[PDB]
Each structure stands twice: as structure tokens, then as C-alpha cells.
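Enquirer: Dropping a structure here in C-alpha cells format, bear with me for questions.
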Amino acid sequence: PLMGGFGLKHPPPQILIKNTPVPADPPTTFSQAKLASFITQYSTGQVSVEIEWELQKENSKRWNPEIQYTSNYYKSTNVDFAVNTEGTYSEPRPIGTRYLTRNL
Amino acid sequence: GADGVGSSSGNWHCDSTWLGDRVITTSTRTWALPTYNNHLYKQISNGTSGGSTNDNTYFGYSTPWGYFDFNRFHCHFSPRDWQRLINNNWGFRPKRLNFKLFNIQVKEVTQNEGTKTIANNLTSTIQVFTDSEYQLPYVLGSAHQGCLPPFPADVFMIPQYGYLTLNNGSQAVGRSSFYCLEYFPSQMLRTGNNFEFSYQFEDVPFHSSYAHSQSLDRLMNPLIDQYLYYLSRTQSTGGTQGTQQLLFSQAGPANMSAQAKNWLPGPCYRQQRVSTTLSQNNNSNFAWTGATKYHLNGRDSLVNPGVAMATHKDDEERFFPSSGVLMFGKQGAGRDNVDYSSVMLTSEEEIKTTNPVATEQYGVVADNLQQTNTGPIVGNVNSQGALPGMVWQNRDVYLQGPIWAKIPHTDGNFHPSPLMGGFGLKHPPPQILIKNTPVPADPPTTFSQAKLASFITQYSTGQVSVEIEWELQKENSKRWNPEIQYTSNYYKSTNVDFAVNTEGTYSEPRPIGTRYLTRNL
Amino acid sequence: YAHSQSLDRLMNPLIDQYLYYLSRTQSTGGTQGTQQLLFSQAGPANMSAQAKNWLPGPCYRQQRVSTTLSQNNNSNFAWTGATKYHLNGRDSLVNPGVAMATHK
């Protein structure tokens, strides 16, 4: 992909879900038309997903230290990647995936 | 059991599997069953004492019961899956069907001032039974409304069940039959339970989908003559005197009309002809008056459609018989006195080969018996019965049309097959009947002889699923050039056909005939 | 046995049909008789126009006779106006004929 990530020829299927429509009380006398009324409705539940990942271990002889992604040492108003006063979770900056080095 | 309220009693199957020749098609819809007749049986009638005439008199009952009607094709075939059927196949017939109710939930409702409020009633039940002994009037096959809506998102209302019986005028005779449906074994269902049964269609002929490539009179060999002779000329020709003489000839390529032919066109029962162009039709109302009718028990009944007959001959598109063709509506078309634009007109053109044109005479026969002094006179046969040596084609079926009908059980019938098309059956699929189990309101403390006149307003809803295993007759043919196929327009349009519109109203633009592929007669 | 349902009454009294028939050939309710094709559905109101799947049995007419003497004509039509079939020059009266309802 241009956005990055993995291209796949058989991606994970997409799950589709809908409330089963519940019609309100239809009239007594038959009517040809389809039922235009329904009971306002919504549903809630829990969903769980796991992904088993495979890693390629980093095996390298570079003498000096590498570069690593690390949180700031210095004080700040409030913790990054954590909630704020009013409870709004916030992530300050994007995280690149490339730090460790490899000989071309 | 292991069902209970917390668990759902079924799944949702809408699918079509093409397995070799067999093709399994299933469907599912959401249904809602209103209480009918405040749980009463009612004698209903229409007397001619009112504006009604003697033809419209009926006598009958309207029961609280209601019945699932799946009888129409468009229930069981998605238009694409109905395309694969008519493009690739000569013929098809059903074999066995299966039927399921499930996820039944019952509800009640109360009216408190203007507040209209619904709740669930867990214990309340509904009753379900099929007639497998055919002990009831079988009212499917008259193409009444209310069949499972084509587009599976729709939710439909189960139609009320009633029937008609003998009358004399508005009153009834001694043979008038009554039926109390609660008098049959039925199953009572609770929101946990489901209902299922399996049916098997009786042996039935493949419905022919194809158009003969050879008109019935053209079976000859173009090149070769015949060894038979016919009477070409009664009068000595090329002389000043008209002396009569019998001369004979052979019918070759030159004159093909006189050739001896081994078969006859199908039977013919005339219709009146009508043009879509208004100026061409007469100025009058001949609709009912000049209509083609049959007289029964003093009640003149219009013949709709009538026997299967070619709609219009070659190089006239516009003329169609009065009642001869099935006529559907466009989506959202009015009920009564709606203009021509809203109705759709099926056409018989496929069968023009083997059957006579509907609006034209079948044949000509001699009226008189000739003599020296008597000139021969020949009359028209407007209606011609069946004679030995006649072949014909039954009426085509359409995506909207009915699938079957119940052959009446009588001692003598000639080639049963419905006029609407479809399959005739001597043991059709049973009809399912269903009703809310009536729940009485609080009766008084002191005993009362009278039956309980109050009930809790109620309705129920659930899911229904039906599958039909079909058998196909594969199309095996050597025709060199391409066939004709049913295909959607290539050119752009406001919006897709057979698909929803802006406001969400599903619509089907035109009927779909079953006959494209060709077969050598 | 005697069928409890006359052949034209097989319908459902309550429900309409989805087929249409030709109700009226002429624009109605105007001073001018301009012809117009209007269509309708046959419901409970008009049951005669409904599309029916079968036909009455075959028919070969007979002459009608009343037991009341005054009502019948004054003549001998017995043999003369009889319903006959012609075979090999010998006209043979049809007795009884095909099974047909005696009187309406």
C-alpha cells in the first residue's frame, strides 16, 4: 500500500452487523405496502480480537549503541500517551517503526 | 429442547447454490402478524341488492387466521440468479422444499391517552399448522397480493385468510360448507420454539423455456417437392369458356401453402383486439361489454387471461388482446382506474410459431354445400376446440408470475396447467396457517354465561425461511450463431434497474420472460 | 360428491390480486368521449374480472323445456328442434348428451 502496511490478496474478511428490524404494530386490515414503522432500537456488546505476530530477531554486531525510541526525561505538564485532566486520552506524536540499524 | 429465550432458534439463510444441474435457492424475510377480526369468524357476502350485479354475488367467511404466501417466483430468485436460469437452461421444475419459522417474538400494545406504547409478552403463543390432507379450501394460486416481498430487506404483513362458498344470490344453499380452523391439529409456539417441515413435489413435467426456431407450417424441405397432389384449379383456364375441369398439381418450393402437413396449430379461443395507440381504438366502452366471457350458473365471468395464445402477429407490436395477457403494475402504481403508463404488459411473441394469434381467426371452413347453381361459402371458426394432431405451448412464466396452482380434484380434466402459467399440481404444497393465541383481558368476578368479549391488543413478529431444490434440463444445442440472451442495458440510466431508488423503494422495471434459448421443433 | 365451491369462486374474498385487467376503454366523466386505456385490479368488489386458472367443462347445447305447459311453445319441436349429430346420412338424436347441469 501507499499508506504503508501489508498488501494482501486475501485480507481478513470484514464483519458486518445489523439490528434485526422490529416492526411496530401493523393495522388490522391487510395492506399491500411494506411496513414503514419500526421500534427505535440499538444494541451494545463486547468485542475481542487477538493477533499472533511473528518477529525477526535483531542480530547485529554494531559496537556503539543504537538509536532507541524513549520518552522524554524532562518534566512535563502531564504524561504523554495518557489521560489528561478531563479524561481525554491523547497521543502527542506519531511513532515511526525504524530505529535499529542494518548493514545495507 | 435447549433453546429458551436467551438463545436464538435459527440463522439467516438467503443464498442460491448452483450444484451441477440441481439449483438450491433459499430465502428469508421478516414477518409481522396483526390480530384479525378481533378473534372472530364472520359471514361475509355481497348481494346484488346493492349496486352489485348478479356476477359479483359471493358468500363466504373471513377467519382470524392468516397464511404465508411464497407462491411467486420473485420470492425465490434474485434477478441475477434468475438470469443464470433463463440464459443457460431449457427447462426447470421444483423437487422438494423446506420451510422454517424461528426467532418468534410476541408483543402487546396499550393505548393510554395519546401514548402508544409497546412491550414484550413472554408467555403468549402463536398457533401454526399446515394442511397436509388438503382438507381446506386451497386459496393459493389466484395470485393474491402479500407474497414475500422481492427485496429481502422488506418486512411484510401476513394476509388474512378467508374463503368463498356456494351461493344463490347473497344467501346460501344446503351444500354451503363451513370450516372452523381451530378444529385441526395445530402446534402452539413459544418464543423459544421453531417450526419446520419438509415437502416433496410430485412428478411434474419440465417447464419449457425456449422458442421454437421453426414455425409449425415450415417443417418442410425447401428444395424438394412432394409426391402428394392437391387440387390446384377447378376451372379450365386460358379459354373464353369457363368450363369446369379438375386439375391437380404438386406443392413444391413455389407454393408451400398447399403442402400436406402432419400437425395442427394449438387450440384457439378468440379475444378482442386493442391498440396501445388511442386514436386507433373505437370510441365507446367495449371493455366489459365486448369482452370474451364464459357463462356459468347465470354469472358471466370474464376470461382472464384465457388460453395461451400469441399476443400479436409479425410487424405489429402495438395490438394486444383484451384480456389475453398478464398485466402487472409498475412499482407504486395505483390500485384502480390507473392509466396505461403504470401497468406492464407481458407478451406471447415467443409462441407465435406453434399457437394461433390471439386476436385473429383460427381458421376457415365451408359454410354451405356447393352445387352447379350454388357458389361455395366459407365461414370463420372463431373458437376451435382440440382436435387430434394439435401441438401447442403452455403459457410462459415470468419472474413476477405464480409458480404453481392446485389442480381441482375432479373426474375429468384436459391437460391441466394453469392459465396464469406455472405448474399444475394434484397435491400442491400445503398452506401454512398461523394465528395469535387470543389472550383475554380480566373477566368480571361474578360468573357470566357469555363468552369473553375483551382481549389484549397483540401482534407477533418473527423470521421465516424457505428453500426450494430445483432440477434443470441442461441446454445442449448445435446452433452455430449466438442465441438471444436477456441482458441489462449497456447505456447509462438515471439509476440501476432491479435496485433501490433514492428514497429506498425497490423497483423492477419490466417483466422477465422465461424463453430466450432456441430449440429445433 | 358435490363440490362446495363453484369453479369461479376459488379466490380469496378479502385480498386483492396483483394482476391488472382492462376496466375502461373510454375517458369517463367528461363531455367528450375521448378513448383512453385505464386499468384496475379485481378485488372483492369485482370478482368477475379476476384472473382464473381453469375453465368450465365442455358444452354441447340442448333445447330447453318447461314442465309448465303454458310456458313451452305451441308446436312439435321435440324431434325437429332436437339436438342431433349427423352420421352416414342418418341423423341420430343425442340422448342424453354430455353431462351438463340441468337447470341454473
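Just remember, in the C-alpha cells the first chain shown is A, the second B, etc., residues are 1-based per chain, and ligands are 1-based in the order shown.
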Using only C-alpha atoms, tabulate the residues of chain A lying at most 8 Å from any atom of chain B, each with its closest atom pair and that distance in Å to one decimal, by chain and increasing residue number, as a Markdown table.
Expert:
| residue | atom | partner | partner_atom | distance |
| --- | --- | --- | --- | --- |
| A:22 | CA | B:461 | CA | 7.6 |
| A:23 | CA | B:32 | CA | 7.1 |
| A:24 | CA | B:118 | CA | 8.0 |
| A:25 | CA | B:459 | CA | 6.6 |
| A:26 | CA | B:34 | CA | 6.1 |
| A:27 | CA | B:34 | CA | 6.7 |
| A:28 | CA | B:34 | CA | 5.8 |
| A:29 | CA | B:36 | CA | 7.6 |
| A:30 | CA | B:159 | CA | 5.9 |
| A:31 | CA | B:157 | CA | 7.3 |
| A:32 | CA | B:146 | CA | 6.1 |
| A:33 | CA | B:156 | CA | 7.8 |
| A:34 | CA | B:156 | CA | 5.3 |
| A:35 | CA | B:155 | CA | 5.9 |
Enquirer: Can you list, as a compact mmCIF listing (two decimals) with N, CA, C and O atoms, in the first residue's frame, every protein, DNA or RNA residue that comes within 7 Å of residue 26 in chain B when you count only C-alpha atoms, leaving out same-chain residues fewer than 5 positions away?
Expert:
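The resulting file, around-v9.txt, is shown below:
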# COMPACT_ATOMS: atom_id res chain seq x y z
N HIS B 13 -30.58 -17.63 6.33
CA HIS B 13 -30.07 -18.15 5.07
C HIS B 13 -30.82 -17.51 3.92
O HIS B 13 -32.00 -17.79 3.71
N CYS B 14 -30.14 -16.66 3.17
CA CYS B 14 -30.60 -16.26 1.86
C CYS B 14 -29.44 -16.52 0.93
O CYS B 14 -28.41 -15.85 1.03
N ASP B 15 -29.59 -17.50 0.06
CA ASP B 15 -28.46 -17.93 -0.73
C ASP B 15 -29.01 -18.67 -1.94
O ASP B 15 -30.17 -19.09 -1.94
N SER B 16 -28.19 -18.80 -2.96
CA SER B 16 -28.54 -19.67 -4.07
C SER B 16 -27.32 -20.48 -4.44
O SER B 16 -26.30 -19.91 -4.83
N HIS B 76 -38.31 -16.40 -4.70
CA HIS B 76 -37.26 -17.41 -4.64
C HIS B 76 -36.08 -17.17 -5.57
O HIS B 76 -35.15 -17.97 -5.56
N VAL B 466 -37.41 -20.42 3.66
CA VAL B 466 -37.93 -21.39 2.72
C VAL B 466 -36.87 -21.66 1.66
O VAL B 466 -36.25 -20.72 1.15
N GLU B 467 -36.66 -22.92 1.33
CA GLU B 467 -35.73 -23.29 0.28
C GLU B 467 -36.45 -24.17 -0.71
O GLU B 467 -37.41 -24.85 -0.36
N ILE B 468 -36.00 -24.16 -1.96
CA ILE B 468 -36.60 -24.99 -2.98
C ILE B 468 -35.50 -25.62 -3.82
O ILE B 468 -34.75 -24.90 -4.49
Enquirer: Tell me, which residues of range 55-250 of chain B carry DSSP strand (DSSP E), written as a PyMOL selection string?
Expert: chain B and resi 58-67+89-112+115-120+126-130+155-157+160-165+187-189+195-200+207-208+211-212+230-235+244-249
Enquirer: At a cut-off of 12 Å, using only C-alpha atoms, what residues contact residue 103 in chain A? Leave out same-chain residues fewer than 2 positions from it and give the result as a list in words.
Expert: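 The neighbour list is residues 58, 59, 60, 61, 62, 100 and 101 of chain A.
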Enquirer: Could those residues be written to a file, using N, CA, C and O atoms, as a short mmCIF file (atom, residue, chain, number, x, y, z; two decimals), in the first residue's frame?
Expert:
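File written: part_9.cif
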data_model
loop_
_atom_site.label_atom_id
_atom_site.label_comp_id
_atom_site.auth_asym_id
_atom_site.auth_seq_id
_atom_site.Cartn_x
_atom_site.Cartn_y
_atom_site.Cartn_z
N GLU A 58 16.60 -9.22 16.07
CA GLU A 58 17.66 -8.33 15.63
C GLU A 58 18.99 -8.88 16.09
O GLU A 58 19.25 -8.95 17.29
N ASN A 59 19.82 -9.28 15.13
CA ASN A 59 21.12 -9.85 15.44
C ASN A 59 22.18 -9.06 14.70
O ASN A 59 22.35 -9.23 13.49
N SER A 60 22.96 -8.28 15.43
CA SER A 60 23.82 -7.32 14.78
C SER A 60 25.02 -7.05 15.66
O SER A 60 24.94 -7.08 16.89
N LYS A 61 26.14 -6.77 15.02
CA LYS A 61 27.41 -6.63 15.69
C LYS A 61 27.80 -5.20 15.97
O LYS A 61 28.91 -4.97 16.45
N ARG A 62 26.96 -4.23 15.65
CA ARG A 62 27.34 -2.83 15.78
C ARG A 62 27.85 -2.54 17.18
O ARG A 62 27.22 -2.90 18.17
N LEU A 100 16.39 0.73 14.82
CA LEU A 100 17.51 -0.19 14.70
C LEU A 100 18.13 -0.12 13.32
O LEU A 100 17.47 0.21 12.34
N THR A 101 19.42 -0.37 13.25
CA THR A 101 20.17 -0.20 12.02
C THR A 101 20.64 -1.54 11.49
O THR A 101 20.79 -2.51 12.23
#
Enquirer: List the neighbours of residue 506 in chain B out to 8 Å using only C-alpha atoms; skip same-chain residues closer than 4 positions along the sequence, and give me the result as a ChimeraX atom specification.
Expert: /B:151,331,498-501
Enquirer: Could you name the residues that touch residue 319 in chain B at 10 Å or less, counting only C-alpha atoms, but leaving out those on the same chain fewer than 5 positions away, as a PyMOL selection string?
Expert: chain B and resi 273-277+280-281+311-313+359
Enquirer: Just list the residues in range 180-251 of chain B DSSP gives helix (DSSP H, G or I) on the backbone, as a ChimeraX atom specification.
Expert: /B:181-183,216-218
Enquirer: So that I can check the surroundings of range 66-79 of chain A, please list as a PDB file with N, CA and C atoms, in the first residue's frame every protein, DNA and RNA residue that reaches within 10 Å of it, counting only C-alpha atoms and ignoring chain neighbours fewer than 5 positions away.
Expert:
ATOM      1  N   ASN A  84      -5.636  13.068  30.317  1.00  0.00           N
ATOM      2  CA  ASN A  84      -5.469  14.420  30.809  1.00  0.00           C
ATOM      3  C   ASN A  84      -6.524  14.688  31.866  1.00  0.00           C
ATOM      4  N   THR A  85      -6.557  15.930  32.342  1.00  0.00           N
ATOM      5  CA  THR A  85      -7.427  16.276  33.456  1.00  0.00           C
ATOM      6  C   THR A  85      -8.859  15.835  33.203  1.00  0.00           C
ATOM      7  N   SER A  90      -4.732  11.117  24.900  1.00  0.00           N
ATOM      8  CA  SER A  90      -4.050  11.879  23.867  1.00  0.00           C
ATOM      9  C   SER A  90      -2.712  11.243  23.545  1.00  0.00           C
ATOM     10  N   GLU A  91      -2.367  11.218  22.264  1.00  0.00           N
ATOM     11  CA  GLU A  91      -1.066  10.736  21.826  1.00  0.00           C
ATOM     12  C   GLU A  91      -0.310  11.873  21.165  1.00  0.00           C
ATOM     13  N   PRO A  92       0.809  12.311  21.732  1.00  0.00           N
ATOM     14  CA  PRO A  92       1.410  13.569  21.274  1.00  0.00           C
ATOM     15  C   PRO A  92       1.967  13.525  19.863  1.00  0.00           C
ATOM     16  N   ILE A  95       4.660   7.609  15.812  1.00  0.00           N
ATOM     17  CA  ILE A  95       5.790   6.763  16.156  1.00  0.00           C
ATOM     18  C   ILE A  95       6.234   6.013  14.915  1.00  0.00           C
ATOM     19  N   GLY A  96       7.427   6.332  14.425  1.00  0.00           N
ATOM     20  CA  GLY A  96       7.996   5.578  13.334  1.00  0.00           C
ATOM     21  C   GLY A  96       8.455   4.212  13.788  1.00  0.00           C
ATOM     22  N   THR A  97       8.567   3.301  12.833  1.00  0.00           N
ATOM     23  CA  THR A  97       8.927   1.931  13.149  1.00  0.00           C
ATOM     24  C   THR A  97      10.413   1.667  12.978  1.00  0.00           C
ATOM     25  N   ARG A  98      11.178   2.633  12.503  1.00  0.00           N
ATOM     26  CA  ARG A  98      12.560   2.378  12.125  1.00  0.00           C
ATOM     27  C   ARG A  98      13.516   3.126  13.034  1.00  0.00           C
ATOM     28  N   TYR A  99      14.220   2.371  13.864  1.00  0.00           N
ATOM     29  CA  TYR A  99      15.286   2.874  14.707  1.00  0.00           C
ATOM     30  C   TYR A  99      16.518   2.013  14.519  1.00  0.00           C
ATOM     31  N   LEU A 100      16.392   0.727  14.817  1.00  0.00           N
ATOM     32  CA  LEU A 100      17.513  -0.187  14.704  1.00  0.00           C
ATOM     33  C   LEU A 100      18.130  -0.116  13.320  1.00  0.00           C
ATOM     34  N   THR A 101      19.423  -0.375  13.250  1.00  0.00           N
ATOM     35  CA  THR A 101      20.166  -0.197  12.022  1.00  0.00           C
ATOM     36  C   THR A 101      20.640  -1.538  11.491  1.00  0.00           C
TER      37      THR A 101
END
Enquirer: Set the distance at 9 Å and use only C-alpha atoms: which residues neighbour residue 350 in chain B once local chain neighbours fewer than 6 positions away are removed? I'd like the list as a ChimeraX atom specification.
Expert: /B:210-212,310,396,515-516
Enquirer: Please produce a file of the residues just selected, as a CSV table (one decimal), in the first residue's frame, where the atoms kept are N, CA, C and O atoms.
Expert:
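Okay, this is what ended up in out_16.csv:
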chain,number,residue,atom,x,y,z
B,210,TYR,N,-38.0,-22.0,-24.0
B,210,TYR,CA,-37.3,-22.0,-25.3
B,210,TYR,C,-38.4,-21.6,-26.3
B,210,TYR,O,-39.6,-21.6,-26.1
B,211,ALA,N,-37.9,-21.1,-27.5
B,211,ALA,CA,-38.7,-20.7,-28.5
B,211,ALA,C,-38.4,-21.5,-29.8
B,211,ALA,O,-37.2,-21.5,-30.2
B,212,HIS,N,-39.3,-22.2,-30.3
B,212,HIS,CA,-39.1,-23.0,-31.5
B,212,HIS,C,-38.6,-22.1,-32.6
B,212,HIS,O,-39.1,-21.0,-32.9
B,310,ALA,N,-50.7,-16.4,-29.0
B,310,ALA,CA,-49.7,-15.4,-29.4
B,310,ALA,C,-50.3,-14.0,-29.3
B,310,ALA,O,-51.4,-13.8,-29.8
B,396,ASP,N,-46.0,-18.9,-20.9
B,396,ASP,CA,-44.7,-18.7,-20.3
B,396,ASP,C,-44.9,-18.2,-18.9
B,396,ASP,O,-46.0,-17.7,-18.5
B,515,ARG,N,-38.4,-17.4,-21.9
B,515,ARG,CA,-38.0,-18.0,-23.2
B,515,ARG,C,-37.1,-17.1,-24.0
B,515,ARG,O,-37.5,-16.1,-24.5
B,516,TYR,N,-35.8,-17.6,-24.1
B,516,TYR,CA,-34.8,-17.0,-24.9
B,516,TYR,C,-34.2,-18.0,-25.8
B,516,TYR,O,-34.2,-18.0,-27.0
Enquirer: In Å, with one decimal, what is the gap from CA of residue 402 in chain B to CA of residue 421 in chain B?
Expert: 7.0 Å
Enquirer: Produce a table with one row for each residue of chain C that has an atom at most 10 Å from any atom of chain A, each row naming the nearest atom pair and its distance in Å at one decimal; use only C-alpha atoms; arrange rows by chain and rising residue number; format as a tab-separated table.
Expert:
residue	atom	partner	partner_atom	distance
C:14	CA	A:30	CA	8.7
C:15	CA	A:30	CA	7.8
C:16	CA	A:32	CA	9.0
C:18	CA	A:32	CA	9.5
Enquirer: Pick out the chain C residues within 7 Å of chain B. Count only C-alpha atoms. Give them as an mmCIF file with N, CA and C atoms, in the first residue's frame.
Expert:
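As a result, result.cif now contains:
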data_model
loop_
_atom_site.group_PDB
_atom_site.id
_atom_site.type_symbol
_atom_site.label_atom_id
_atom_site.label_comp_id
_atom_site.auth_asym_id
_atom_site.auth_seq_id
_atom_site.Cartn_x
_atom_site.Cartn_y
_atom_site.Cartn_z
ATOM 1 N N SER C 4 -68.158 -28.030 -3.009
ATOM 2 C CA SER C 4 -68.697 -26.964 -2.193
ATOM 3 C C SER C 4 -68.284 -25.587 -2.674
ATOM 4 N N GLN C 5 -67.469 -25.494 -3.717
ATOM 5 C CA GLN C 5 -67.002 -24.209 -4.217
ATOM 6 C C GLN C 5 -67.207 -24.133 -5.714
ATOM 7 N N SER C 6 -68.050 -23.209 -6.151
ATOM 8 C CA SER C 6 -68.229 -23.026 -7.578
ATOM 9 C C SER C 6 -66.913 -22.597 -8.204
ATOM 10 N N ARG C 9 -65.295 -19.218 -7.916
ATOM 11 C CA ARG C 9 -65.145 -18.652 -6.585
ATOM 12 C C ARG C 9 -63.888 -19.089 -5.853
ATOM 13 N N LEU C 10 -62.965 -19.769 -6.523
ATOM 14 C CA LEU C 10 -61.751 -20.254 -5.873
ATOM 15 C C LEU C 10 -60.925 -19.159 -5.212
ATOM 16 N N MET C 11 -61.253 -17.892 -5.424
ATOM 17 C CA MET C 11 -60.415 -16.798 -4.974
ATOM 18 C C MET C 11 -60.426 -16.689 -3.453
ATOM 19 N N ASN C 12 -59.721 -15.676 -2.954
ATOM 20 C CA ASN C 12 -59.781 -15.274 -1.559
ATOM 21 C C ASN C 12 -60.663 -14.052 -1.452
ATOM 22 N N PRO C 13 -61.760 -14.108 -0.714
ATOM 23 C CA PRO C 13 -62.662 -12.959 -0.683
ATOM 24 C C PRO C 13 -61.980 -11.674 -0.289
ATOM 25 N N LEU C 14 -61.085 -11.717 0.687
ATOM 26 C CA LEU C 14 -60.594 -10.485 1.284
ATOM 27 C C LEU C 14 -59.547 -9.799 0.420
ATOM 28 N N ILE C 15 -58.571 -10.544 -0.040
ATOM 29 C CA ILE C 15 -57.366 -9.956 -0.605
ATOM 30 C C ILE C 15 -57.581 -9.616 -2.071
ATOM 31 N N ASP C 16 -56.942 -8.546 -2.528
ATOM 32 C CA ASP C 16 -56.973 -8.191 -3.939
ATOM 33 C C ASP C 16 -56.049 -9.123 -4.716
ATOM 34 N N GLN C 17 -55.893 -8.859 -6.009
ATOM 35 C CA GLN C 17 -54.910 -9.532 -6.841
ATOM 36 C C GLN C 17 -53.882 -8.524 -7.317
ATOM 37 N N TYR C 18 -52.691 -9.006 -7.633
ATOM 38 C CA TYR C 18 -51.706 -8.119 -8.216
ATOM 39 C C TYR C 18 -51.799 -8.016 -9.728
ATOM 40 N N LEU C 19 -52.580 -8.856 -10.383
ATOM 41 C CA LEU C 19 -52.750 -8.670 -11.811
ATOM 42 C C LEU C 19 -53.675 -7.489 -12.087
ATOM 43 N N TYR C 20 -53.592 -6.969 -13.300
ATOM 44 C CA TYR C 20 -54.480 -5.918 -13.760
ATOM 45 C C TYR C 20 -55.289 -6.405 -14.950
ATOM 46 N N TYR C 21 -56.454 -5.804 -15.144
ATOM 47 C CA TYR C 21 -57.295 -6.088 -16.292
ATOM 48 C C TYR C 21 -57.725 -4.763 -16.889
ATOM 49 N N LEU C 22 -58.352 -4.817 -18.053
ATOM 50 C CA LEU C 22 -58.787 -3.597 -18.712
ATOM 51 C C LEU C 22 -60.194 -3.295 -18.226
ATOM 52 N N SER C 23 -60.316 -2.261 -17.400
ATOM 53 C CA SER C 23 -61.617 -1.892 -16.865
ATOM 54 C C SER C 23 -62.399 -1.006 -17.819
ATOM 55 N N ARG C 24 -61.742 -0.015 -18.406
ATOM 56 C CA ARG C 24 -62.450 1.039 -19.112
ATOM 57 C C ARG C 24 -61.675 1.468 -20.342
ATOM 58 N N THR C 25 -62.356 1.523 -21.480
ATOM 59 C CA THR C 25 -61.739 1.940 -22.729
ATOM 60 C C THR C 25 -61.918 3.426 -23.023
ATOM 61 N N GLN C 26 -62.742 4.128 -22.265
ATOM 62 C CA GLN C 26 -63.124 5.483 -22.621
ATOM 63 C C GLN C 26 -62.952 6.407 -21.430
ATOM 64 N N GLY C 33 -65.908 12.073 -25.586
ATOM 65 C CA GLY C 33 -65.807 10.644 -25.393
ATOM 66 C C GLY C 33 -64.432 10.080 -25.659
ATOM 67 N N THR C 34 -63.405 10.922 -25.562
ATOM 68 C CA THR C 34 -62.067 10.541 -25.994
ATOM 69 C C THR C 34 -61.651 9.222 -25.364
ATOM 70 N N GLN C 35 -61.202 8.305 -26.206
ATOM 71 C CA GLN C 35 -60.878 6.966 -25.748
ATOM 72 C C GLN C 35 -59.548 6.952 -25.014
ATOM 73 N N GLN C 36 -59.500 6.187 -23.932
ATOM 74 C CA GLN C 36 -58.314 6.119 -23.099
ATOM 75 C C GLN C 36 -58.263 4.736 -22.472
ATOM 76 N N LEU C 37 -57.068 4.185 -22.321
ATOM 77 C CA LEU C 37 -56.915 2.875 -21.700
ATOM 78 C C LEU C 37 -56.644 3.068 -20.217
ATOM 79 N N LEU C 38 -57.579 2.633 -19.385
ATOM 80 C CA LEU C 38 -57.408 2.640 -17.942
ATOM 81 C C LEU C 38 -57.437 1.208 -17.451
ATOM 82 N N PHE C 39 -56.653 0.924 -16.430
ATOM 83 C CA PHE C 39 -56.524 -0.418 -15.899
ATOM 84 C C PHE C 39 -56.875 -0.417 -14.423
ATOM 85 N N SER C 40 -57.190 -1.591 -13.896
ATOM 86 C CA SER C 40 -57.536 -1.698 -12.493
ATOM 87 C C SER C 40 -57.158 -3.080 -11.996
ATOM 88 N N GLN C 41 -57.374 -3.308 -10.708
ATOM 89 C CA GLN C 41 -57.240 -4.628 -10.123
ATOM 90 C C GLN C 41 -58.613 -5.144 -9.739
ATOM 91 N N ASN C 46 -65.180 -6.346 -7.495
ATOM 92 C CA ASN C 46 -65.434 -7.008 -8.764
ATOM 93 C C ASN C 46 -64.684 -8.321 -8.730
ATOM 94 N N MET C 47 -65.410 -9.414 -8.574
ATOM 95 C CA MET C 47 -64.780 -10.718 -8.629
ATOM 96 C C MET C 47 -64.827 -11.314 -10.013
ATOM 97 N N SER C 48 -65.613 -10.728 -10.908
ATOM 98 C CA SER C 48 -65.819 -11.352 -12.200
ATOM 99 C C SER C 48 -64.594 -11.208 -13.073
ATOM 100 N N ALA C 49 -63.856 -10.126 -12.911
ATOM 101 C CA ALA C 49 -62.716 -9.861 -13.767
ATOM 102 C C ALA C 49 -61.445 -10.533 -13.284
ATOM 103 N N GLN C 50 -61.486 -11.259 -12.176
ATOM 104 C CA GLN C 50 -60.256 -11.835 -11.660
ATOM 105 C C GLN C 50 -59.704 -12.880 -12.613
ATOM 106 N N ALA C 51 -58.384 -12.989 -12.633
ATOM 107 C CA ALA C 51 -57.731 -13.997 -13.449
ATOM 108 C C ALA C 51 -57.905 -15.359 -12.805
ATOM 109 N N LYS C 52 -58.415 -16.311 -13.569
ATOM 110 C CA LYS C 52 -58.763 -17.615 -13.043
ATOM 111 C C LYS C 52 -57.926 -18.664 -13.745
ATOM 112 N N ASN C 53 -57.607 -19.732 -13.035
ATOM 113 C CA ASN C 53 -56.639 -20.684 -13.547
ATOM 114 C C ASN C 53 -57.259 -21.853 -14.286
ATOM 115 N N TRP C 54 -58.577 -21.901 -14.441
ATOM 116 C CA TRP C 54 -59.191 -23.081 -15.026
ATOM 117 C C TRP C 54 -60.430 -22.658 -15.795
ATOM 118 N N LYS C 104 -80.198 -23.883 -13.993
ATOM 119 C CA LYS C 104 -79.456 -22.955 -13.162
ATOM 120 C C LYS C 104 -80.224 -22.701 -11.873
#
Enquirer: Could you tell me how far CA of residue 521 in chain B sits from CA of residue 477 in chain B, in Å to one decimal place?
Expert: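 Computing it gives 12.3 Å between the two atoms.
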Enquirer: To one decimal place in Å, what is the distance between CA of residue 251 in chain B and CA of residue 226 in chain B?
Expert: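 Here the two named atoms are 6.3 Å from each other.
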